[PDB]
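In order of appearance the chains are A, B, C, D, E, F, G, H, I, J, K and L, and numbering begins at 1 in each one.
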Amino acid sequence: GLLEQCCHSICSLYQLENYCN
Amino acid sequence: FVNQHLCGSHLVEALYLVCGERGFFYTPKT
Amino acid sequence: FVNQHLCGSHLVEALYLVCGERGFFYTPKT
Amino acid sequence: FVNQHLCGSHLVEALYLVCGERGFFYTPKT
Amino acid sequence: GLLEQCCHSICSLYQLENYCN
Amino acid sequence: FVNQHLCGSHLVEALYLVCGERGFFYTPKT
Amino acid sequence: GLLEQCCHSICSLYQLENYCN
Amino acid sequence: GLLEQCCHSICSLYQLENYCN
Amino acid sequence: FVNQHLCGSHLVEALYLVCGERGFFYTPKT
Amino acid sequence: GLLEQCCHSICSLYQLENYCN
Amino acid sequence: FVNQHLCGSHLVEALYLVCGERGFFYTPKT
Amino acid sequence: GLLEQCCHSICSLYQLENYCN
């Protein structure tokens, strides 16, 4: 869950890149 | 990169920025 | 001018609102 | 359409999108 | 109250259109 | 290019901040 | 597609839905 | 009006107030 | 001007608007 | 602290201008 | 068209995300 | 600088960092 982790928790730029194509 | 919660459209803009040409997928419900 | 780059930022924010729970895929190409 | 609370400028952008050519009126205090 | 209903409560696209000219 | 469409989105966000409680009317024409 | 289509001409909310789901 | 005036030339915060109230 | 809390990117856009040509400095940690 | 005052507290347009160059 | 004015608004929002706690200075010139 | 450089050509997140700190 993207929304579950980056909105409810904090995401490093790394974790954020997990959602790039 | 910023160190704060990203929600709603701010998370979408972050992905747009971070991903660049790669593009991204946004599925809030999965 | 980066018109396309700026336009895309608006587009993803609009899809965020329009698509809602359905989510969406953003691909600067195919 | 999205199914979440819309506040501040996000509500304004939503109206801008949803209303199109129709334009809209924003009066937070009425 | 627009702010009262769409920000404090949820608004369907229909309810949102009540504020279009 | 949808320059005017993109410009208007910024304009309404700016009016939101500038006008505050006074609110405003956005009419793509008259 | 999306960019070509919606950056050279205004896509309404209805036209944008085609890029959902 | 607003669009014609503020899209072909930069309207400062002071110039934007005229479109309030 | 608006009378509400300004945070994250909304505070940055407010400064961008309010400051005009003057430009501004944003230091969230100082 | 800009963030401390305008985000956690309210800032008048005046207070906001304290952060312009 | 105020392309530069609109572009700058996006730029400051991007720096906000990219710079994080480090903050940044925005100067429309030197 | 920033505007001249990043408005006439796309600056990635990596190119934008140079304008931080």
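What we mean here is this: contacts are C-beta pairs under 8 Å (C-beta built on N, C-alpha and C of every residue); 3 or more make two chains touch, one makes a residue touch a chain.
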### Summary
When contact pairs are matched by residue number, over half of those of I-K recur among D-F, C-F or C-K in D-F
### Pair sharing more residue contacts (C-beta pairs) when C-L is set against D-E
D-E
### Query
How big is the gap, in whole Å, between where the Cα atoms of chain I centre and where those of chain J centre?
7
### Summary
Chain-centre distance (mean CA atoms) for chain B and chain I, in whole Å, is 22
### Message
For chain D versus chain L, what separation do you get between their C-alpha means, in angstrom?
### Response
31
### Task
Provide the list of chain C residues touching at least two other chains, using ranges where the numbers run on.
1-3, 6-9, 13-29
### Message
Using the touch definition from the top, which residues of chain E touch two or more other chains?
### Response
13, 21
#### Entry: For the chain B and chain A complex, residues of the former touching the latter
1, 3-8, 11, 14-15, 18-20, 22-28, 30
### Message
For a test of understanding, state which residues of chain B touch chain I in their complex under the given definition.
### Response
4, 10, 13
#### Entry: Residues of chain C touching chain K in the complex
1-3, 6, 9
### Query
Which positions of chain G touch chain C when the two form their complex?
1-3, 6-7, 11, 13, 16-17, 19-21
### Task
Write out the stretch or stretches of chain K touching chain I in their complex.
8-9, 12-13, 15-17, 19-29
